[PDB]
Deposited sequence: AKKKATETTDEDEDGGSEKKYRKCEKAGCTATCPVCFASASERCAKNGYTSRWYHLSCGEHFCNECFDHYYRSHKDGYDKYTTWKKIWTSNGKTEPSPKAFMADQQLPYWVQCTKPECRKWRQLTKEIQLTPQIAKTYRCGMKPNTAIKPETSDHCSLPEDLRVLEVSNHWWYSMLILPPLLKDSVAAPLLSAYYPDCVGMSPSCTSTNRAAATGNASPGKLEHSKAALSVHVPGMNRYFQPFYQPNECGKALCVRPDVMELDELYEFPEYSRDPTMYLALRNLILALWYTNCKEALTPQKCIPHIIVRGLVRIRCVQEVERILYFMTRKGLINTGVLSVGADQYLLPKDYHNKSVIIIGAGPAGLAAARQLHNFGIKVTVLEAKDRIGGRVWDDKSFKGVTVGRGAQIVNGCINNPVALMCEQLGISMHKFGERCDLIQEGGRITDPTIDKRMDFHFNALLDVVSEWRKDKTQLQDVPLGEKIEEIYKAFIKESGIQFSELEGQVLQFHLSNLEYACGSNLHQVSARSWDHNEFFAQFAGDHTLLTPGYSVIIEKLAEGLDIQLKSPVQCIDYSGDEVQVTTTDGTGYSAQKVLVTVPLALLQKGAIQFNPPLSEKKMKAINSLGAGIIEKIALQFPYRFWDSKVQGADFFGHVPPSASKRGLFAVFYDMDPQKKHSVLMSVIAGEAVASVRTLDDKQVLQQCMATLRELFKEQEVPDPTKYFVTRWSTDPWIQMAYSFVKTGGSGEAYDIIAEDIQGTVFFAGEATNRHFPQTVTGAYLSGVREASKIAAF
C-alpha cells in the first residue's frame, strides 16, 4: 500500500516535522505521513493529498487551480505548478504588531486577505479589519529562521508582490519579470517629469533604471540576488514608485511595509530586505533627496553612518547638495564659503519688478528625471518650457527667412558630422582645435562644390557658429575636436528645456536652510596629513574634521588658490589643466514697455544675425524674461571672442553697445531707453572666474572622472567640472555633490 514519510522531500530541510498549511483535501495529512511532503520553504510544506486536491482532474479544487493556471500562463512568463499556485493563493499572510515596543510577527488566519490597512493597524491577537496581554506571547519559532541567509537559499520560489505601487508604471513588462504576481488584476497624479523606469528595449534616457535588471553597483552590494533578482527588483521598484508618488516627505521602512503584500513567511524576508535596500538607495541619493528636510532624531541613515564629520568648501549647488545630503544622513557638516553669499554661479537678481532675473544659471536642459524638476515639484514651483520659435533678426530689422536659418543650420551640422568622422581613429596626441578643423572642412567644401553663399547666408552660418561657442563657453579654437561633445556618449536628460522662472536661488536657498554655513570664509589651506583634515581660512581661522570635500570652480583649481598638503598628484594636476574654464557673460535690460511684442509676437527669444565673424557672439540671442508677457525685461549673452572685446568696457559702455544693437534690430521702430540693467563680470569674480567647463584640445572627457577621484578616502571633489556624464550644468554640479555625499557616507 505505497510508502509514506514524516520528513520533507528536500534533503537538508530544517523542518523536523512538516505540517500541512493548506488543509484543502478531506484527507489532508495534517502533521503525519504522506506519499510526498512538498517543500515551499523550511517552514512551509503541504501534503500530497492537498496536492492532488488541486492538481488531479477528478478532484474538487481542480477548477480553482485550472482557472488560476489560465490567468497565470497568459500574463506571466513563470511556469504554473501546484507549488507556484499554493505560494500565490494558499499560504497564509504574516503581519507585524504595529505597537512600537512589540513589532512581533504573527500568522493571520486563512480567510483574511492582507490589506495595507490591516498592516498599518494590526495588534497582536485582535481580530483584524477592526488589553495588551497578547503581545508578550512568543513568535512562531519559524519566524526567527527567516532572517538567516540559508533560509532564502532553501526557498524554492521567489516572492511575487501583489498590488505593487510600481505596477501602473510597468505594464509594458511581464509582471513576474519585475517581481509582481501575474494573478493580480491590478500614471495619473504623478509628475510628468518622473519616469524612473525604462520601457523595454529603450536606452539613452538619463537616470532611468531598468525595472527587470539589477545594476552593477546594486549587485556589488546585494550579490545574493545575482542569480535571481526577482525579489530585489520588486522591492527597489516599489521604493521608487513610492518615492515619486510622494517626494515631499521621507520614505521610511514603516511607510513601505504596508505596501509589501505577499503570502507566506517570505513576506518577513521582504520586510527585512526593504529596509536594507532603502538605506542603500538613500545613501546613493536615488530617493529621500532633493530639498527634503529632516529634523533631529529623524535622520535618514542609521546611527552607524553617523560617526563622521565633514568640511565642505564652496556653497554652490554641488557644495550645498552634499551638505544637505550629509546633514540629512546625520553627519556633522560645516560649509566654508569664500563669498558673502551662497549660490556660486547661481545668483538671482530679485530687484526687477515682476520677474526674477538670474545673473548666473536659470535654464534646465532636459527635465525628465532631472533632480531640478524633482526639487521644483518639492517646492511647488513651475518651469517654463521653451518655445521652438526664434526668428533670426538682422541689423537693419529684416527678419531672416526661416528657410535660410534652416539651410545654414544644415550645412553647419554637416560640418560637425565630418569632424565626428575625422576623429574616429585619432588619439589625444593627434587632436586638433575644433574651430580649425571646421575652417578646413568648410574651405574644402566651398572649394570642392563651387557653391556661393549670399552675405546673409554666411552671417547666418556665423550665428549657428556662435551658438556652439556659447555651448562650449569658448571660441572654438580652444575647444577639442576629439572630445567637445564627449558626454553625449552617455544617456542624456530627455524632455523639456525650461526657463526656471522663480530662479535657481529658490532651490539653492532651500538646500542651505538650517545648515552651518560660514560665509566670508575663503579657504587658504587644506592639510590632510595628520589624524584629521585641517582647514585654514585667509584670516587664519582653523576648522577641523575627518573628511573634506572640495567644490571650488575649475578656474580656482587651475590657479592653485588652495594650498594642498600633500600636493595634488601629478595625474590630478594634468587632468585639471586639460579642461578649459569656459566663460560667458549676461546683460539684463528693463524697459518701460514690451517694445518688441509687435515684431516678436510672443516668442521666448529672438536672434541677432551677427554682421561679421568678428562681432560673432555679441548679444546673439535676446531672452524675454516674463513667459506671462506682462513685464518688460530682456536678457542677452556675450560668448566666444565677444567676451574678450568687452573686458575693457565698463558696464555703461556695454549697455550702450547692447542698446545700439537693439536699435539696429528694430530700426523700423522706436526702442525706449532702459530704466534698469546689469552686466555680469563672472570672469573677474575672484572666487569663480568662469561660467562652465569644457575639454581643451588634447584633453579627454576622462578628465572629469580623474578630477572626481577621492584622495586617501579623505579629500573628495565635486562640482560641474567633476561630472563626466553631466558637465557644465547646475544639475551636473548637484548630482556630483550627491555622488560625493554617497562616497563619504559609505565609510
TODO: Identify which parts of the deposited sequence carry no C-alpha coordinates, going from the N-terminal end onward.
DONE: 1-16, 147-151, 208-232
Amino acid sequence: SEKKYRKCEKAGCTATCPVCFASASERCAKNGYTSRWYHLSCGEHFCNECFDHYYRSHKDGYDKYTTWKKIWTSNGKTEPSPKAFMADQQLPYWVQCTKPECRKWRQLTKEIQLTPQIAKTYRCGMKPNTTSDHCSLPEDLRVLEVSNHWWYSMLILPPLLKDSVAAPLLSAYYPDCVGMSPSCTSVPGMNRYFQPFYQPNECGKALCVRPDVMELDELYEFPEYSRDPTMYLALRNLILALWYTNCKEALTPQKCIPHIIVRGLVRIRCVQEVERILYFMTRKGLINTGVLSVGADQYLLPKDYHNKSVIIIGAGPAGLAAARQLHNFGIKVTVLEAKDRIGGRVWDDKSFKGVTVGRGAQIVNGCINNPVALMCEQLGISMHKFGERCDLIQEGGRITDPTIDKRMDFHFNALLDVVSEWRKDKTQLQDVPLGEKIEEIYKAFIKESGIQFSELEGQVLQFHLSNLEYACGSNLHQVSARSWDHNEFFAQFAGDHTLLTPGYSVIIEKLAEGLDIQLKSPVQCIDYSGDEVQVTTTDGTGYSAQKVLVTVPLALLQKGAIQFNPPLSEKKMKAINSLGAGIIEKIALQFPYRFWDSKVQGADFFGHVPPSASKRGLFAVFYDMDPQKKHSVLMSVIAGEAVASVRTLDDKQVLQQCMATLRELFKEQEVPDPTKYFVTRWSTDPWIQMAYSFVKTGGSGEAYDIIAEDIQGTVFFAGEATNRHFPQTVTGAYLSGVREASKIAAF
From here on, numbers count along this sequence of modelled residues.
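Basically, rigid core = biggest C-alpha set you can superpose within 1.5 Å across the two forms.
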TODO: Any chance you could tell me whether 94-102 or 498-506 drifts more in 8 other deposited structures of this protein, judged by RMS CA distance from this form after superposing on the core?
DONE: 94-102
Task: Farther-lying stretch by C-alpha RMS in 8 other deposited structures of this protein (rigid core fit) among 386-394, 294-302 - done: 294-302
- [ ] Give yes or no for this: do at least a third of the other compared entries, each modelling residues before and after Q601, lack coordinates for it?
- [x] no
Task: Missing coords for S466 in a third or more of other PDB entries - done: no
Open item on the list: Per the record, averaged over C-alpha atoms, which has the higher B-factor: 322-330 or 563-571?
Closed with: 563-571
TODO: Check the entry's C-alpha temperature factors for 87-95 and 68-76, then say which stretch has the higher mean.
DONE: 68-76
Open item on the list: By the CA temperature factor listed in this entry, which of these ranks top: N288, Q546, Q590, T230?
Closed with: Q546
- [ ] Name the one of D409, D626, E509, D527 with the greatest CA B-factor according to the PDB entry.
- [x] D527
TODO: Pull the Cα B-factor of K353 out of the PDB entry and bin it into the chain's lowest, middle or highest third.
DONE: middle
Task: Entry-reported Cα temperature factor of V271, expressed as the chain third it lands in - done: lowest
Open item on the list: Going by the CA temperature factor in the PDB record, which third of the chain does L40 belong to: lowest, middle or highest?
Closed with: middle
Open item on the list: Which third, lowest, middle or highest, does the C-alpha temperature factor of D710 belong to within its own chain?
Closed with: middle
- [ ] Sort the modelled residues of this chain by their C-alpha B factor and say whether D140 lands in the lowest, middle or highest third.
- [x] lowest
